[PDB]
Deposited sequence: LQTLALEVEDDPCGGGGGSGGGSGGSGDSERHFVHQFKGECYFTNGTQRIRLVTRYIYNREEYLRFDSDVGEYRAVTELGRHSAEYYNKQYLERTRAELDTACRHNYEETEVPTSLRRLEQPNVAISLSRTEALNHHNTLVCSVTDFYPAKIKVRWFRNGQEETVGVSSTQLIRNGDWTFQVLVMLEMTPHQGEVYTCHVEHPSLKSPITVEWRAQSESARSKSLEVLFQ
C-alpha cells in the first residue's frame, strides 16, 4: 500500500527564447490533478482531485508562478543550457556488418539530428532499407541501426552514408565480400 506524489516543472522553448511555454504539474499516483500553463495564464484543475486547490493556487501563487517563465525558464535556457547542452556535439561512429542483411551501426552521437543512407555501387537504396527507431542510450548519446537487405556478390560495394551536425563532411564506410 504505497502512495506517490510528483511535481513536474516543464519549460518549452521554440526559436531560441522567442517563444517560451511554462507548465507546472501536480500529480498524485500518475493522476495530474492541478496544472499551471503559461498559455492559459492561470492554475487549472486537471482532474477531480484538483478542484479544491485550483483557486487557492491562483489566489496565492499565480503572480509569482507567471514570473517563473522569465525568472526560471528563460534564465535556465540562456545562462546554463546554451553553454552545456545546446553546445554538445558528439561525432557518430559508423560500422557495417552482415547478419542476408547489412547492419550499419551509427552510435555514440549527439544531438539527435542524423541522416543515414545506403548506397550500392553508387546508387542509393531505399526499397530494402529498414531503420530502427532512434535509440537513446541515457548517457547523452544516441545510436541507430540501419538495415539493408541484399544478396552478397563478388564485386559489389555497399556504402553507409552518415551526415551529422558534428561532421564537416559525411562519413563513408564501404563493405565488400
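No C-alpha positions are given for the deposited-sequence stretches 1-30, 130-137, 216-230.
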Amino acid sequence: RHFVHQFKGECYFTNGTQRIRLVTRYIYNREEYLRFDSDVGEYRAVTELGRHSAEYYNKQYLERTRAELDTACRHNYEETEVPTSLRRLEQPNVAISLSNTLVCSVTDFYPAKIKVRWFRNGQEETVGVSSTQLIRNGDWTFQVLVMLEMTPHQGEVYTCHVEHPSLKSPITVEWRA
From here on, numbers count along this sequence of modelled residues.
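What we label the rigid core is the largest C-alpha set whose atoms superpose within 1.5 Å from one form to the other.
Superposing the other copies on the rigid core and comparing 139-147 to 45-53, farther C-alpha placement in 6 other deposited structures of this protein marks 45-53.
Stretches 123-131 and 31-39 differ in mean C-alpha B factor, with the higher average recorded for 123-131. Stretches 108-116 and 146-154 differ in mean CA B factor, with 146-154 having the higher one. Sort the chain's modelled residues by C-alpha temperature factor and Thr47 lands in the middle third, per the entry. The deposited CA B-factor of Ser97 belongs to the highest third of values across its chain. Per the PDB record, residue ranking by Cα B-factor puts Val103 in the highest third of the chain. Sort the chain's modelled residues by C-alpha temperature factor and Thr24 lands in the lowest third, per the entry. In this PDB entry, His161 carries a Cα temperature factor that places it within the middle third of its chain's modelled residues.
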